[PDB]
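J.:
There are 2 protein chains.
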Amino acid sequence: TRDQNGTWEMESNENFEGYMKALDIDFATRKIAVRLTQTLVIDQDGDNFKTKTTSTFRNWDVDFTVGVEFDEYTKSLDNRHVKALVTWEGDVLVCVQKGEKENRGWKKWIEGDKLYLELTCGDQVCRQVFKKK
Amino acid sequence: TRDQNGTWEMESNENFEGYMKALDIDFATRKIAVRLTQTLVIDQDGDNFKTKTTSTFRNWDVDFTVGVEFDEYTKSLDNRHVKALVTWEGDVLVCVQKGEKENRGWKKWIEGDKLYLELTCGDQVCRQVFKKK
Numbered sequence: 002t003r004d005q006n007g008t009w010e011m012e013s014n015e016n017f018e019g020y021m022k023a024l025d026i027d028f029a030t031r032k033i034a035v036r037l038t039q040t041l042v043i044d045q046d047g048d049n050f051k052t053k054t055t056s057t058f059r060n061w062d063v064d065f066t067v068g069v070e071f072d073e074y075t076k077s078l079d080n081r082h083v084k085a086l087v088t089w090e091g092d093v094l095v096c097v098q099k100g101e102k103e104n105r106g107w108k109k110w111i112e113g114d115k116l117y118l119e120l121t122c123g124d125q126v127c128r129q130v131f132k133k134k
Numbered sequence: 002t003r004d005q006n007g008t009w010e011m012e013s014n015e016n017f018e019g020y021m022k023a024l025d026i027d028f029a030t031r032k033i034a035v036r037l038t039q040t041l042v043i044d045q046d047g048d049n050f051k052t053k054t055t056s057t058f059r060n061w062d063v064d065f066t067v068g069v070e071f072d073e074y075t076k077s078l079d080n081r082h083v084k085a086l087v088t089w090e091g092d093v094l095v096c097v098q099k100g101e102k103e104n105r106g107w108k109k110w111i112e113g114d115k116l117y118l119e120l121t122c123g124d125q126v127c128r129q130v131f132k133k134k
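Top line first, the protein sequences correspond to chains A and B.
For the record, in the first sequence the residue sitting at position 127 is 128 according to UniProt numbering, with numbers rising by one throughout.
For the record, in the second sequence the residue sitting at position 14 is 15 according to UniProt numbering, with numbers rising by one throughout.
1. Select from B/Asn14, B/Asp114, B/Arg3 the residue whose C-alpha is nearest the C-alpha of A/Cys127.
2. Can you give the Cα-Cα distance for A/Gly123 and A/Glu90, rounded to whole angstroms?
3. May I ask you to verify whether the segment 5 to 21 of chain A touches the segment 38 to 46 of chain A, counting CB pairs closer than 8 Å and requiring at least 3?
4. Assign B/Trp110 to one of two classes, buried (16 or more other C-beta atoms within 10 Å of its C-beta) or exposed (fewer than that).
5. Ignoring anything shorter than 3 residues, give me the beta strand (DSSP E) runs that lie fully in the segment 15 to 68 of chain A, in order along the chain.
6. Can you give me the C-alpha to C-alpha distance between B/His82 and A/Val69, rounded to a whole angstrom?
7. In whole angstroms, give me the CA-to-CA distance for B/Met21 and B/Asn80.
8. Establish whether the CB of A/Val130 and some CB of chain B are separated by less than 8 Å.
9. Please report the straight-line C-alpha distance between A/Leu120 and A/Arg105, rounded to a whole angstrom.
10. Would you please verify whether the beta carbon of B/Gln98 is less than 8 Å from any beta carbon of chain A?
11. Which of the three DSSP states is assigned to A/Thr121 in this structure?
12. What residue from B/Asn49, B/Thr66, B/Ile43, B/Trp61 has the CA that sits closest to B/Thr55's CA?
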């Protein structure tokens, strides 16, 4: 069939690095761009095509249990092994990531329809706020 | 509350740059990451957490009529001007992107639930498979 209408979700991506390298895309970009998943929306009328491609970063799924120290590989960030230990402090979820970096961890808690995530490394703190969908 | 279940959409991300620099994350990556809006999905069963983070990077539109040559500028990748021309070979949608790069194009076809995409540049070939969402 020639009917390619639809929303199409990437399930596999082989040798994207080689293709990008062939296009002279610089090394830094290829290391990033190779972490993207694609969604292809095609609106087709006969031989007339309108397409929209959205690229998304999908990080590695994590499974952890409160209290159980585990090895976390920080693939989305600095690609280090840390020994992560998450505990409850009241209703605040608290994590220390033991490893090369000092004072490294996070705190995560809910207030109303909002989730707060506080990330620390050294003397640097990042504060993220999320709303429930 | 200790219930952190849900799909959470980022509405702010203060000093992500400072945190990422403290982790020694390369500038190229930081420059992209600082602007991304994250979505956190959390599946929590008691003290067990399964989490995944995603974020949309970029959208690109490309529209065309099969058989009709068109100018393309490849902000997406290598930022080049090509003359693109699409045809049907059988039920395969075949595009050549005529320009400075040899053998540059793609081929796209449907089989059942799947869309197949083959991208070519020099001696390199990339293969992507999609599923109807």
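By construction, the Cβ of each residue, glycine as well, lies at the ideal position given by its N, Cα and C atoms.
T.: According to the data block:
1. Along the first sequence, one-based indexing puts residue 127 of chain A at 126. For the residues B/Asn14, B/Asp114, B/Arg3, the minimum Cα distance to A/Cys127 belongs to B/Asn14.
2. The count along the first sequence starts at 1 and reaches residue 123 of chain A at position 122. The count along the first sequence starts at 1 and reaches residue 90 of chain A at position 89. Cα-Cα distance, rounded: 21 Å.
3. In this structure the segment 5 to 21 of chain A touches the segment 38 to 46 of chain A; the number of beta carbon pairs closer than 8 Å is three or more.
4. Numbered from 1 along the second sequence, position 109 holds the residue referred to as residue 110 of chain B. Around the beta carbon of B/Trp110, 16 or more other beta carbons lie within 10 angstroms, which makes this residue buried.
5. Listed in chain order, they are 37 to 46, 49 to 59, 63 to 66.
6. The residue given as residue 82 of chain B occupies position 81 in the second sequence. The residue given as residue 69 of chain A occupies position 68 in the first sequence. Computed Cα separation, rounded: 54 Å.
7. Stepping through the second sequence from its first residue, residue 21 of chain B is reached at position 20. Stepping through the second sequence from its first residue, residue 80 of chain B is reached at position 79. Between the alpha carbons of B/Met21 and B/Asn80 lies a distance of about 28 Å.
8. Numbered from its first residue, the first sequence carries residue 130 of chain A at position 129. Answer yes: the Cβ-Cβ gap between A/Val130 and chain B drops below 8 Å somewhere.
9. Within the first sequence, residue 120 of chain A is the residue found at index 119, counting from 1. Within the first sequence, residue 105 of chain A is the residue found at index 104, counting from 1. Going by C-alpha positions, A/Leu120 is about 8 Å away from A/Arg105.
10. Counted from its first residue, the second sequence places residue 98 of chain B at position 97. Taking a beta-carbon distance threshold of 8 Å, B/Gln98 does not count as an interface residue toward chain A.
11. In the first sequence, residue 121 of chain A corresponds to position 120, counting from 1. Strand at A/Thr121.
12. Residue 55 of chain B sits at position 54 when you count from the first residue of the second sequence. Here the closest residue by C-alpha is B/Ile43.
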